[PDB]
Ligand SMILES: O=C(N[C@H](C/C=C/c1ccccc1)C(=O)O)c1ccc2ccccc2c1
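In structure tokens, one chain follows: the form deposited without the ligand.
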């Protein structure tokens, strides 16, 4: 039924940017050469790997994430709407505990959203 909406939710986020981006400079690569096409295929692949139970999201987010998400293993912690990236926000709050969205085209690139809570 209608469960009370949680004030704070948490999402594990992986970011795969593209060469043509607002900032193609990350903690791993100072310059990103992969094009948008690559970014998309990478995301699509990682999603399928998470679905098949190949590798842990934490491991993936600590490796193949251009964003400094590796510091928290990809975890964003308990956050609320209004303080999150808009395309990411409406995506996270559109999921549930143990749910994962698809390629979320956000500001700097595509994010994978896996909610543990």
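Residue numbers count along the first chain shown, from 1.
Not pictured, yet referred to below: the form deposited with the ligand bound.
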Would the ligand in the deposited complex be within 4.5 angstroms of a non-hydrogen atom of every residue among 48, 59 and 115?
no
Note: exactly one of 44, 35, 80, 68 sits with a heavy atom within 4.5 Å of the ligand in the deposited complex, namely 68
Test of understanding: in the deposited complex, would residue 84 fall inside 4.5 Å of the ligand by heavy atoms?
yes
Heavy atom of residue 40 within 4.5 Å of the ligand in the deposited complex
no
At 4.5 Å between heavy atoms, is residue 96 in contact with the ligand in the deposited complex?
no
Do residue 76 and the ligand come within 4.5 Å of each other in the deposited complex, heavy atoms counted?
yes
